[PDB]
Number of protein chains: 2
Amino acid sequence: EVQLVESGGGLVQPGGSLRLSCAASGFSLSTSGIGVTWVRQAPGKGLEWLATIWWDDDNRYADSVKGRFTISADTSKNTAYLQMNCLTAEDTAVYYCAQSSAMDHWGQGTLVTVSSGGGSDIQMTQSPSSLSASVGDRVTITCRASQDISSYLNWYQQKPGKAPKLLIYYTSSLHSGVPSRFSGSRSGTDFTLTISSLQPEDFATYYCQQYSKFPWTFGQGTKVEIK
Amino acid sequence: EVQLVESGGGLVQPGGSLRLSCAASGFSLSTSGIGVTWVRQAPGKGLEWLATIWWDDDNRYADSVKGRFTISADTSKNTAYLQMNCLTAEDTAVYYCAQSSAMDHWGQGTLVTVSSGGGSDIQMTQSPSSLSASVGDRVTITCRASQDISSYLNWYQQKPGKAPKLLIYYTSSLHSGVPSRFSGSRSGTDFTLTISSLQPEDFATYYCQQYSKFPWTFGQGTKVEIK
């Protein structure tokens with residue numbers, strides 16, 4: 001029976017490292033023509049080629065793992081390895097090995113989860129994601145939190161190529177120097193940023209931000225575009 | 001004038017490291033109440049909080065940088081730092097520093113690009129992304145490549161919780177042991193996988209895959225579901 005017996009994986013913390021094994025059974029990795037390939041599959045997504053090592057020490061790597069993952073083969077154990085270093089949360093996936101030109105006799109796959117924590121993060125949702133407006137218009141932008149954040153809510157403005165700029169802190173406090181046409185308020189479980197009369201310099205992207213708990217989280221932003 | 005003068009960044013290769021600087025002007029980082037926060041923004045996306053360090057050495061980190069990035073402040077230079085280690089392509093973003101509870105007096109931002117290569121990757125598009133079918137139906141799944149891949153095209157089948165399985169190699173060659181109801185062909189600049197009569201064991205996800213050039217690339221998959 002020709003098959004690959006995989007081992008390793010598990011849950012590690014980011015910056016960590018681990019090594020996956022893939023033992024060949026029924027054939028030899030030193031045999032001419034034979035190669036071992038590693039493929040991964042993030043939860044809910046498709047397949048991504050990572051690396052391939054051939055019998056003659058030739059090898060290729062995907063840009064997503066270059067400088068971090070190395071592929072190897074030990075003839076003495078007839079076993080191939082993926083040495084995974086400096087993992088990030090985006091390395092979370094099921095990892096497969098496969099023999100040789102088409103991938104055949106896949107290993108069973110093992111999940112590698114890269115996580116430092118759960119998931120108590122407060123999610124901020126802004127509405128709408130974009131809106132069209134003319135100079136002099138009243139503009140209302142809403143925001144809500146997945147938990148009670150009290151009044152610990154800031155509003156930021158960002159123009160293209162520029163850094164964000166604080167407009168309103170603690171729900172309704174206008175930042176010194178920001179025009180009073182900007183105001184913030186909080187109704188039943190959600191927040192609103194209001195521009196009483198839109199001025200030409202106000203076409204930008206606006207972000208809410210909670211700071212009642214770390215991690216600080218932003219909303220996805222609302223683009224205010226010219227009509 | 002109260003402002004933060006940022007420096008550093010640039011293009012590095014994955015697994016690399018670099019350090020961003022943020023020099024305070026008009027205030028002191030040792031002053032009680034003062035903190036420095038790093039925020040990043042991927043191209044086309046919103047804001048993500050990374051880390052905050054306070055005057056009294058207290059600090060907090062986001063899970064996306066834990067174990068890889070460290071935040072620091074040098075009183076002798078009145079300068080804060082983000083030490084970024086083991087970067088990946090997903091760290092590509094504009095990085096901002098900001099003073100202190102709301103982020104004010106943002107730095108200008110600097111782009112950090114983490115890339116090992118361009119972009120000559122052949123993209124594979126499958127159609128449809130999912131289809132409904134009944135037992136005994138004829139099923140056709142199409143695939144196309146962003147470049148000419150000749151007949152270097154494989155077709156894989158994957159069931160939930162299982163590893164992919166090779167069905168057809170080199171466009172039309174049926175894999176030994178796969179039922180002959182599966183067949184592959186290639187028309188004008190695109191490829192087709194055909195199941196002449198769908199059997200109950202055939203409800204799965206199907207992937208195309210080119211191997212005319214590294215990196216090997218897969219299609220996004222086609223789910224064949226029961227009607």
# chains A, B, ... in the order shown; residues from 1 in each chain; ligands from 1

call {"tool": "closest_atom_pairs", "arguments": {"of": "chain A", "to": "chain B", "cutoff": "8 Å", "atoms": "only C-alpha atoms", "output": "JSON lines"}}
result
{"residue": "A:13", "atom": "CA", "partner": "B:67", "partner_atom": "CA", "distance": 7.3}
{"residue": "A:14", "atom": "CA", "partner": "B:67", "partner_atom": "CA", "distance": 5.4}
{"residue": "A:15", "atom": "CA", "partner": "B:67", "partner_atom": "CA", "distance": 4.8}
{"residue": "A:16", "atom": "CA", "partner": "B:67", "partner_atom": "CA", "distance": 7.6}
{"residue": "A:45", "atom": "CA", "partner": "B:220", "partner_atom": "CA", "distance": 7.7}
{"residue": "A:46", "atom": "CA", "partner": "B:220", "partner_atom": "CA", "distance": 5.6}
{"residue": "A:47", "atom": "CA", "partner": "B:218", "partner_atom": "CA", "distance": 6.2}
{"residue": "A:48", "atom": "CA", "partner": "B:218", "partner_atom": "CA", "distance": 6.7}
{"residue": "A:49", "atom": "CA", "partner": "B:216", "partner_atom": "CA", "distance": 5.9}
{"residue": "A:60", "atom": "CA", "partner": "B:214", "partner_atom": "CA", "distance": 7.4}
{"residue": "A:61", "atom": "CA", "partner": "B:215", "partner_atom": "CA", "distance": 7.4}
{"residue": "A:62", "atom": "CA", "partner": "B:215", "partner_atom": "CA", "distance": 6.0}
{"residue": "A:63", "atom": "CA", "partner": "B:116", "partner_atom": "CA", "distance": 5.7}
{"residue": "A:64", "atom": "CA", "partner": "B:89", "partner_atom": "CA", "distance": 6.6}
{"residue": "A:65", "atom": "CA", "partner": "B:14", "partner_atom": "CA", "distance": 7.6}
{"residue": "A:66", "atom": "CA", "partner": "B:14", "partner_atom": "CA", "distance": 6.3}
{"residue": "A:67", "atom": "CA", "partner": "B:15", "partner_atom": "CA", "distance": 4.8}
{"residue": "A:68", "atom": "CA", "partner": "B:15", "partner_atom": "CA", "distance": 5.3}
{"residue": "A:86", "atom": "CA", "partner": "B:86", "partner_atom": "CA", "distance": 5.6}
{"residue": "A:88", "atom": "CA", "partner": "B:64", "partner_atom": "CA", "distance": 7.4}
{"residue": "A:89", "atom": "CA", "partner": "B:64", "partner_atom": "CA", "distance": 6.6}
{"residue": "A:90", "atom": "CA", "partner": "B:90", "partner_atom": "CA", "distance": 7.5}
{"residue": "A:96", "atom": "CA", "partner": "B:163", "partner_atom": "CA", "distance": 7.5}
{"residue": "A:101", "atom": "CA", "partner": "B:211", "partner_atom": "CA", "distance": 7.5}
{"residue": "A:102", "atom": "CA", "partner": "B:169", "partner_atom": "CA", "distance": 6.6}
{"residue": "A:103", "atom": "CA", "partner": "B:166", "partner_atom": "CA", "distance": 6.9}
{"residue": "A:104", "atom": "CA", "partner": "B:166", "partner_atom": "CA", "distance": 5.9}
{"residue": "A:105", "atom": "CA", "partner": "B:165", "partner_atom": "CA", "distance": 7.5}
{"residue": "A:106", "atom": "CA", "partner": "B:163", "partner_atom": "CA", "distance": 6.4}
{"residue": "A:107", "atom": "CA", "partner": "B:163", "partner_atom": "CA", "distance": 6.9}
{"residue": "A:108", "atom": "CA", "partner": "B:163", "partner_atom": "CA", "distance": 5.6}
{"residue": "A:109", "atom": "CA", "partner": "B:163", "partner_atom": "CA", "distance": 6.5}
{"residue": "A:115", "atom": "CA", "partner": "B:63", "partner_atom": "CA", "distance": 7.3}
{"residue": "A:116", "atom": "CA", "partner": "B:63", "partner_atom": "CA", "distance": 5.7}
{"residue": "A:117", "atom": "CA", "partner": "B:63", "partner_atom": "CA", "distance": 7.0}
{"residue": "A:154", "atom": "CA", "partner": "B:102", "partner_atom": "CA", "distance": 6.9}
{"residue": "A:162", "atom": "CA", "partner": "B:108", "partner_atom": "CA", "distance": 6.9}
{"residue": "A:163", "atom": "CA", "partner": "B:108", "partner_atom": "CA", "distance": 5.6}
{"residue": "A:164", "atom": "CA", "partner": "B:106", "partner_atom": "CA", "distance": 6.9}
{"residue": "A:165", "atom": "CA", "partner": "B:104", "partner_atom": "CA", "distance": 7.0}
{"residue": "A:166", "atom": "CA", "partner": "B:104", "partner_atom": "CA", "distance": 5.9}
{"residue": "A:169", "atom": "CA", "partner": "B:102", "partner_atom": "CA", "distance": 6.6}
{"residue": "A:211", "atom": "CA", "partner": "B:101", "partner_atom": "CA", "distance": 7.5}
{"residue": "A:214", "atom": "CA", "partner": "B:60", "partner_atom": "CA", "distance": 7.4}
{"residue": "A:215", "atom": "CA", "partner": "B:62", "partner_atom": "CA", "distance": 6.0}
{"residue": "A:216", "atom": "CA", "partner": "B:49", "partner_atom": "CA", "distance": 5.9}
{"residue": "A:217", "atom": "CA", "partner": "B:49", "partner_atom": "CA", "distance": 6.5}
{"residue": "A:218", "atom": "CA", "partner": "B:47", "partner_atom": "CA", "distance": 6.2}
{"residue": "A:219", "atom": "CA", "partner": "B:46", "partner_atom": "CA", "distance": 7.7}
{"residue": "A:220", "atom": "CA", "partner": "B:46", "partner_atom": "CA", "distance": 5.6}
{"residue": "A:221", "atom": "CA", "partner": "B:46", "partner_atom": "CA", "distance": 6.4}

call {"tool": "write_last_selection", "arguments": {"atoms": "N, CA and C atoms", "output": "compact mmCIF listing (two decimals), in the first residue's frame"}}
result
# COMPACT_ATOMS: atom_id res chain seq x y z
N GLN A 13 1.38 29.36 19.89
CA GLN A 13 1.18 30.79 19.96
C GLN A 13 2.00 31.49 18.88
N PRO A 14 1.57 32.67 18.42
CA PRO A 14 2.31 33.35 17.34
C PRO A 14 3.75 33.64 17.74
N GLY A 15 4.61 33.71 16.72
CA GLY A 15 6.04 33.67 16.92
C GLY A 15 6.58 32.29 17.20
N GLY A 16 5.72 31.32 17.47
CA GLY A 16 6.15 29.97 17.75
C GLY A 16 6.62 29.25 16.50
N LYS A 45 -11.83 27.72 3.40
CA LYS A 45 -11.22 28.18 2.16
C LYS A 45 -10.71 26.98 1.35
N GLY A 46 -10.03 27.28 0.25
CA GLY A 46 -9.53 26.26 -0.65
C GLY A 46 -8.10 25.85 -0.37
N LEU A 47 -7.44 25.35 -1.40
CA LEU A 47 -6.11 24.77 -1.28
C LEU A 47 -5.05 25.78 -1.72
N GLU A 48 -3.92 25.79 -1.01
CA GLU A 48 -2.80 26.66 -1.33
C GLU A 48 -1.52 25.84 -1.33
N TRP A 49 -0.81 25.85 -2.45
CA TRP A 49 0.48 25.17 -2.53
C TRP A 49 1.53 25.94 -1.74
N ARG A 60 11.11 24.20 -4.49
CA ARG A 60 10.45 25.46 -4.78
C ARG A 60 9.55 25.82 -3.60
N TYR A 61 9.39 27.12 -3.37
CA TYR A 61 8.59 27.63 -2.26
C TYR A 61 7.61 28.69 -2.75
N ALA A 62 6.45 28.74 -2.10
CA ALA A 62 5.50 29.82 -2.31
C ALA A 62 5.93 31.04 -1.51
N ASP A 63 5.61 32.23 -2.05
CA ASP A 63 5.99 33.47 -1.39
C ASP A 63 5.40 33.58 0.01
N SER A 64 4.26 32.93 0.25
CA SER A 64 3.61 33.01 1.55
C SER A 64 4.37 32.30 2.66
N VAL A 65 5.43 31.55 2.35
CA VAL A 65 6.16 30.81 3.37
C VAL A 65 7.66 31.02 3.24
N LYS A 66 8.09 31.74 2.20
CA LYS A 66 9.51 32.00 2.01
C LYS A 66 10.08 32.75 3.21
N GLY A 67 11.27 32.34 3.64
CA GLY A 67 11.91 32.94 4.78
C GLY A 67 11.41 32.47 6.13
N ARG A 68 10.39 31.63 6.16
CA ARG A 68 9.82 31.15 7.41
C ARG A 68 9.71 29.63 7.48
N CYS A 86 8.24 31.10 12.86
CA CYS A 86 7.56 32.38 13.02
C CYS A 86 6.16 32.36 12.42
N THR A 88 2.13 32.95 12.31
CA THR A 88 1.17 34.00 12.62
C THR A 88 -0.23 33.41 12.56
N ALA A 89 -1.20 34.18 13.05
CA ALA A 89 -2.59 33.71 13.04
C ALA A 89 -3.04 33.32 11.64
N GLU A 90 -2.50 33.98 10.61
CA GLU A 90 -2.86 33.67 9.23
C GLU A 90 -2.23 32.38 8.72
N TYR A 96 -1.44 19.49 4.53
CA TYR A 96 -1.34 18.19 3.90
C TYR A 96 0.04 18.01 3.29
N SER A 101 3.26 14.77 -13.39
CA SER A 101 3.52 15.58 -12.21
C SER A 101 2.22 16.07 -11.59
N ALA A 102 1.72 15.33 -10.60
CA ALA A 102 0.44 15.63 -9.98
C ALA A 102 0.43 15.07 -8.57
N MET A 103 -0.22 15.80 -7.66
CA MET A 103 -0.22 15.43 -6.25
C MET A 103 -1.12 14.23 -6.02
N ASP A 104 -0.53 13.13 -5.55
CA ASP A 104 -1.22 11.87 -5.36
C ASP A 104 -0.85 11.28 -4.00
N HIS A 105 -1.73 10.42 -3.49
CA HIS A 105 -1.54 9.76 -2.20
C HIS A 105 -1.34 10.79 -1.08
N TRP A 106 -2.33 11.65 -0.92
CA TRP A 106 -2.25 12.71 0.08
C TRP A 106 -2.23 12.13 1.49
N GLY A 107 -1.47 12.78 2.37
CA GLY A 107 -1.59 12.50 3.79
C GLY A 107 -2.96 12.90 4.31
N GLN A 108 -3.22 12.52 5.56
CA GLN A 108 -4.54 12.76 6.13
C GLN A 108 -4.78 14.23 6.47
N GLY A 109 -3.73 15.01 6.67
CA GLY A 109 -3.89 16.40 7.05
C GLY A 109 -3.89 16.59 8.55
N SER A 115 -2.61 30.91 17.66
CA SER A 115 -3.51 31.76 18.43
C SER A 115 -2.88 32.09 19.77
N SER A 116 -3.03 33.34 20.20
CA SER A 116 -2.60 33.77 21.52
C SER A 116 -3.78 34.05 22.44
N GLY A 117 -4.95 33.53 22.11
CA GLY A 117 -6.14 33.73 22.92
C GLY A 117 -7.41 33.23 22.26
N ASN A 154 -14.82 56.94 20.39
CA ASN A 154 -14.20 58.04 19.68
C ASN A 154 -14.60 58.01 18.21
N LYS A 162 -3.54 60.50 4.19
CA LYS A 162 -3.31 61.21 5.44
C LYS A 162 -3.57 60.30 6.63
N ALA A 163 -3.00 60.68 7.77
CA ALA A 163 -3.25 59.96 9.00
C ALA A 163 -4.63 60.31 9.54
N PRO A 164 -5.26 59.40 10.28
CA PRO A 164 -6.54 59.73 10.93
C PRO A 164 -6.40 60.93 11.86
N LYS A 165 -7.54 61.54 12.15
CA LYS A 165 -7.59 62.73 12.98
C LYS A 165 -8.75 62.61 13.95
N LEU A 166 -8.48 62.84 15.23
CA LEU A 166 -9.51 62.75 16.25
C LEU A 166 -10.51 63.89 16.10
N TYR A 169 -14.29 62.67 21.23
CA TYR A 169 -13.92 61.67 22.23
C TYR A 169 -15.02 61.56 23.28
N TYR A 211 -12.88 52.18 23.38
CA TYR A 211 -11.73 52.03 24.27
C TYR A 211 -12.17 51.70 25.69
N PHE A 214 -9.44 46.73 26.20
CA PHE A 214 -8.48 46.24 25.22
C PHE A 214 -8.89 44.83 24.78
N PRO A 215 -8.74 44.49 23.50
CA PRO A 215 -8.15 45.31 22.43
C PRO A 215 -9.05 46.43 21.95
N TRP A 216 -8.46 47.60 21.71
CA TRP A 216 -9.20 48.67 21.06
C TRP A 216 -9.58 48.24 19.65
N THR A 217 -10.84 48.47 19.29
CA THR A 217 -11.34 48.04 18.00
C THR A 217 -11.99 49.21 17.28
N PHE A 218 -11.80 49.25 15.97
CA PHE A 218 -12.40 50.25 15.10
C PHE A 218 -13.56 49.64 14.32
N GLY A 219 -14.45 50.52 13.84
CA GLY A 219 -15.41 50.14 12.83
C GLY A 219 -14.77 50.10 11.45
N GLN A 220 -15.49 49.50 10.50
CA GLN A 220 -14.96 49.31 9.16
C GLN A 220 -14.86 50.60 8.36
N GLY A 221 -15.36 51.72 8.88
CA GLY A 221 -15.22 52.98 8.17
C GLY A 221 -16.42 53.29 7.30

call {"tool": "residues_around", "arguments": {"residues": "residue B:8", "least_positions_apart": "6", "cutoff": "10 Å", "atoms": "only C-alpha atoms", "output": "JSON, numbers by chain"}}
result
{"B": [18, 19, 20, 21, 22, 81, 82, 95, 109, 110, 111, 112]}

call {"tool": "write_last_selection", "arguments": {"atoms": "C-alpha atoms", "output": "mmCIF file, in the first residue's frame"}}
result
data_model
loop_
_atom_site.group_PDB
_atom_site.id
_atom_site.type_symbol
_atom_site.label_atom_id
_atom_site.label_comp_id
_atom_site.auth_asym_id
_atom_site.auth_seq_id
_atom_site.Cartn_x
_atom_site.Cartn_y
_atom_site.Cartn_z
ATOM 1 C CA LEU B 18 12.583 46.056 11.168
ATOM 2 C CA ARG B 19 11.996 48.830 13.688
ATOM 3 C CA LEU B 20 9.740 51.862 13.408
ATOM 4 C CA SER B 21 10.533 55.064 15.290
ATOM 5 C CA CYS B 22 8.208 57.780 16.607
ATOM 6 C CA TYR B 81 9.588 52.212 18.937
ATOM 7 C CA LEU B 82 7.768 49.272 17.398
ATOM 8 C CA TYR B 95 1.808 51.866 10.349
ATOM 9 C CA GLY B 109 2.398 56.836 8.849
ATOM 10 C CA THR B 110 4.862 54.671 6.939
ATOM 11 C CA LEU B 111 4.269 51.723 4.639
ATOM 12 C CA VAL B 112 5.756 48.359 5.587
#

call {"tool": "residues_around", "arguments": {"residues": "residue A:77", "least_positions_apart": "6", "cutoff": "10 Å", "atoms": "only C-alpha atoms", "output": "list in words"}}
result
residues 23, 24, 28 and 29 of chain A

call {"tool": "select_by_dssp", "arguments": {"residues": "stretch 4-224 of chain B", "states": "strand (DSSP E or B)", "output": "PDB file with C-alpha atoms, in the first residue's frame"}}
result
ATOM      1  CA  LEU B   4       4.990  62.812  16.518  1.00  0.00           C
ATOM      2  CA  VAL B   5       7.750  62.384  13.927  1.00  0.00           C
ATOM      3  CA  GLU B   6       7.733  58.864  12.508  1.00  0.00           C
ATOM      4  CA  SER B   7      10.537  57.122  10.636  1.00  0.00           C
ATOM      5  CA  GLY B  10       9.982  50.013   3.760  1.00  0.00           C
ATOM      6  CA  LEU B  11      10.018  46.762   1.831  1.00  0.00           C
ATOM      7  CA  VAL B  12      11.492  43.662   3.477  1.00  0.00           C
ATOM      8  CA  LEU B  18      12.583  46.056  11.168  1.00  0.00           C
ATOM      9  CA  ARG B  19      11.996  48.830  13.688  1.00  0.00           C
ATOM     10  CA  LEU B  20       9.740  51.862  13.408  1.00  0.00           C
ATOM     11  CA  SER B  21      10.533  55.064  15.290  1.00  0.00           C
ATOM     12  CA  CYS B  22       8.208  57.780  16.607  1.00  0.00           C
ATOM     13  CA  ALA B  23       9.937  60.820  18.106  1.00  0.00           C
ATOM     14  CA  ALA B  24       7.833  62.985  20.423  1.00  0.00           C
ATOM     15  CA  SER B  25       8.013  66.758  19.936  1.00  0.00           C
ATOM     16  CA  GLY B  35       1.008  56.734  26.261  1.00  0.00           C
ATOM     17  CA  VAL B  36       2.072  55.778  22.750  1.00  0.00           C
ATOM     18  CA  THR B  37      -0.088  53.563  20.534  1.00  0.00           C
ATOM     19  CA  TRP B  38       0.673  51.844  17.224  1.00  0.00           C
ATOM     20  CA  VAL B  39      -2.128  51.381  14.677  1.00  0.00           C
ATOM     21  CA  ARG B  40      -1.911  49.896  11.188  1.00  0.00           C
ATOM     22  CA  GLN B  41      -3.972  50.046   8.000  1.00  0.00           C
ATOM     23  CA  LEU B  47      -7.639  50.634  11.131  1.00  0.00           C
ATOM     24  CA  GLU B  48      -6.325  47.932  13.465  1.00  0.00           C
ATOM     25  CA  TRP B  49      -4.971  48.597  16.948  1.00  0.00           C
ATOM     26  CA  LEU B  50      -1.651  46.838  17.578  1.00  0.00           C
ATOM     27  CA  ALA B  51      -0.132  47.927  20.897  1.00  0.00           C
ATOM     28  CA  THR B  52      -0.081  50.656  23.537  1.00  0.00           C
ATOM     29  CA  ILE B  53       2.671  51.496  26.034  1.00  0.00           C
ATOM     30  CA  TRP B  54       2.063  53.887  28.925  1.00  0.00           C
ATOM     31  CA  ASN B  59       1.376  47.853  28.060  1.00  0.00           C
ATOM     32  CA  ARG B  60      -1.118  45.855  26.010  1.00  0.00           C
ATOM     33  CA  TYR B  61      -0.831  43.962  22.720  1.00  0.00           C
ATOM     34  CA  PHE B  69       6.169  42.727  17.781  1.00  0.00           C
ATOM     35  CA  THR B  70       7.401  44.553  20.877  1.00  0.00           C
ATOM     36  CA  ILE B  71       6.655  48.166  21.802  1.00  0.00           C
ATOM     37  CA  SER B  72       9.173  50.366  23.588  1.00  0.00           C
ATOM     38  CA  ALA B  73       9.953  53.916  24.684  1.00  0.00           C
ATOM     39  CA  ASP B  74      13.370  55.531  25.189  1.00  0.00           C
ATOM     40  CA  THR B  79      11.295  58.273  21.182  1.00  0.00           C
ATOM     41  CA  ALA B  80       8.920  55.314  21.021  1.00  0.00           C
ATOM     42  CA  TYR B  81       9.588  52.212  18.937  1.00  0.00           C
ATOM     43  CA  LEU B  82       7.768  49.272  17.398  1.00  0.00           C
ATOM     44  CA  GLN B  83      10.179  46.345  17.015  1.00  0.00           C
ATOM     45  CA  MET B  84       8.624  44.137  14.322  1.00  0.00           C
ATOM     46  CA  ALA B  93       0.202  47.938   5.963  1.00  0.00           C
ATOM     47  CA  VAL B  94       0.694  51.607   6.719  1.00  0.00           C
ATOM     48  CA  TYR B  95       1.808  51.866  10.349  1.00  0.00           C
ATOM     49  CA  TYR B  96       0.911  54.860  12.521  1.00  0.00           C
ATOM     50  CA  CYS B  97       1.984  55.938  15.957  1.00  0.00           C
ATOM     51  CA  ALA B  98      -0.335  58.084  18.060  1.00  0.00           C
ATOM     52  CA  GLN B  99      -0.226  59.804  21.435  1.00  0.00           C
ATOM     53  CA  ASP B 104      -4.423  62.106  19.209  1.00  0.00           C
ATOM     54  CA  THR B 110       4.862  54.671   6.939  1.00  0.00           C
ATOM     55  CA  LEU B 111       4.269  51.723   4.639  1.00  0.00           C
ATOM     56  CA  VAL B 112       5.756  48.359   5.587  1.00  0.00           C
ATOM     57  CA  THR B 113       5.658  45.918   2.671  1.00  0.00           C
ATOM     58  CA  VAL B 114       6.554  42.280   3.328  1.00  0.00           C
ATOM     59  CA  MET B 124      -7.217  29.771 -11.832  1.00  0.00           C
ATOM     60  CA  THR B 125     -10.937  30.580 -11.917  1.00  0.00           C
ATOM     61  CA  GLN B 126     -13.583  27.880 -11.498  1.00  0.00           C
ATOM     62  CA  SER B 127     -17.233  28.146 -12.480  1.00  0.00           C
ATOM     63  CA  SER B 130     -21.374  25.737  -6.235  1.00  0.00           C
ATOM     64  CA  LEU B 131     -24.075  23.773  -8.021  1.00  0.00           C
ATOM     65  CA  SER B 132     -27.079  21.678  -7.029  1.00  0.00           C
ATOM     66  CA  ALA B 133     -27.573  18.269  -8.612  1.00  0.00           C
ATOM     67  CA  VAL B 139     -22.510  17.672 -14.129  1.00  0.00           C
ATOM     68  CA  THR B 140     -20.066  20.003 -15.894  1.00  0.00           C
ATOM     69  CA  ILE B 141     -17.482  22.072 -14.005  1.00  0.00           C
ATOM     70  CA  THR B 142     -15.373  24.627 -15.854  1.00  0.00           C
ATOM     71  CA  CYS B 143     -11.962  26.112 -15.162  1.00  0.00           C
ATOM     72  CA  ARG B 144      -9.685  28.616 -16.864  1.00  0.00           C
ATOM     73  CA  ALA B 145      -6.171  29.952 -16.385  1.00  0.00           C
ATOM     74  CA  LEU B 153      -4.153  20.768 -15.405  1.00  0.00           C
ATOM     75  CA  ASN B 154      -5.289  18.384 -12.660  1.00  0.00           C
ATOM     76  CA  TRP B 155      -8.718  17.819 -11.107  1.00  0.00           C
ATOM     77  CA  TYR B 156      -9.113  16.958  -7.418  1.00  0.00           C
ATOM     78  CA  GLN B 157     -12.028  15.836  -5.254  1.00  0.00           C
ATOM     79  CA  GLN B 158     -12.348  16.550  -1.536  1.00  0.00           C
ATOM     80  CA  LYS B 165      -8.010  13.003  -4.045  1.00  0.00           C
ATOM     81  CA  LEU B 166      -6.583  13.079  -7.559  1.00  0.00           C
ATOM     82  CA  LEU B 167      -9.202  12.339 -10.233  1.00  0.00           C
ATOM     83  CA  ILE B 168      -7.702  13.479 -13.552  1.00  0.00           C
ATOM     84  CA  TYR B 169      -4.169  14.510 -14.517  1.00  0.00           C
ATOM     85  CA  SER B 173      -6.041  11.310 -18.164  1.00  0.00           C
ATOM     86  CA  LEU B 174      -8.248   9.443 -15.696  1.00  0.00           C
ATOM     87  CA  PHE B 182     -15.369  11.203 -14.576  1.00  0.00           C
ATOM     88  CA  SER B 183     -13.715  12.766 -17.616  1.00  0.00           C
ATOM     89  CA  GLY B 184     -11.749  15.898 -18.401  1.00  0.00           C
ATOM     90  CA  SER B 185     -11.365  17.967 -21.539  1.00  0.00           C
ATOM     91  CA  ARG B 186     -10.077  21.334 -22.720  1.00  0.00           C
ATOM     92  CA  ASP B 190     -10.571  26.782 -20.611  1.00  0.00           C
ATOM     93  CA  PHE B 191     -11.014  23.338 -19.082  1.00  0.00           C
ATOM     94  CA  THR B 192     -14.000  21.183 -18.134  1.00  0.00           C
ATOM     95  CA  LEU B 193     -14.557  18.362 -15.659  1.00  0.00           C
ATOM     96  CA  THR B 194     -17.588  16.225 -16.508  1.00  0.00           C
ATOM     97  CA  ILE B 195     -19.463  13.681 -14.391  1.00  0.00           C
ATOM     98  CA  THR B 205     -15.870  19.887  -3.552  1.00  0.00           C
ATOM     99  CA  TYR B 206     -13.801  19.846  -6.742  1.00  0.00           C
ATOM    100  CA  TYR B 207     -10.593  21.778  -7.419  1.00  0.00           C
ATOM    101  CA  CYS B 208      -8.653  22.472 -10.568  1.00  0.00           C
ATOM    102  CA  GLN B 209      -4.883  22.916 -10.358  1.00  0.00           C
ATOM    103  CA  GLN B 210      -2.236  24.051 -12.835  1.00  0.00           C
ATOM    104  CA  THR B 217      -2.175  27.329  -8.032  1.00  0.00           C
ATOM    105  CA  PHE B 218      -5.638  25.923  -7.366  1.00  0.00           C
ATOM    106  CA  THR B 222     -16.842  24.020  -6.740  1.00  0.00           C
ATOM    107  CA  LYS B 223     -19.228  22.491  -4.207  1.00  0.00           C
ATOM    108  CA  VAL B 224     -21.586  19.868  -5.636  1.00  0.00           C
TER     109      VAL B 224
END

call {"tool": "closest_residue", "arguments": {"among": "B:200, B:30, B:75, B:43", "to": "residue B:56", "atoms": "only C-alpha atoms"}}
result
B:30

call {"tool": "closest_residue", "arguments": {"among": "A:100, A:147, A:203, A:2", "to": "residue A:120", "atoms": "only C-alpha atoms"}}
result
A:147

call {"tool": "atom_distance", "arguments": {"atom1": "atom CA of residue B:57", "atom2": "atom CA of residue B:92"}}
result
27.8 Å

call {"tool": "atom_distance", "arguments": {"atom1": "atom CA of residue B:179", "atom2": "atom CA of residue A:3"}}
result
20.3 Å

call {"tool": "atom_distance", "arguments": {"atom1": "atom CA of residue B:55", "atom2": "atom CA of residue B:26"}}
result
15.8 Å

call {"tool": "decode", "arguments": {"residues": "stretch 218-223 of chain A", "atoms": "N, CA, C and O atoms", "output": "compact mmCIF listing (two decimals), in the first residue's frame"}}
result
# COMPACT_ATOMS: atom_id res chain seq x y z
N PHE A 218 -11.80 49.25 15.97
CA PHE A 218 -12.40 50.25 15.10
C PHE A 218 -13.56 49.64 14.32
O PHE A 218 -13.65 48.42 14.15
N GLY A 219 -14.45 50.52 13.84
CA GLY A 219 -15.41 50.14 12.83
C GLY A 219 -14.77 50.10 11.45
O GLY A 219 -13.66 50.59 11.24
N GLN A 220 -15.49 49.50 10.50
CA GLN A 220 -14.96 49.31 9.16
C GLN A 220 -14.86 50.60 8.36
O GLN A 220 -14.33 50.58 7.25
N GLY A 221 -15.36 51.72 8.88
CA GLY A 221 -15.22 52.98 8.17
C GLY A 221 -16.42 53.29 7.30
O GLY A 221 -17.09 52.41 6.75
N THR A 222 -16.70 54.59 7.17
CA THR A 222 -17.76 55.09 6.30
C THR A 222 -17.17 56.15 5.39
O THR A 222 -16.66 57.17 5.87
N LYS A 223 -17.24 55.91 4.08
CA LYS A 223 -16.74 56.86 3.10
C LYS A 223 -17.84 57.85 2.75
O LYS A 223 -18.94 57.46 2.37
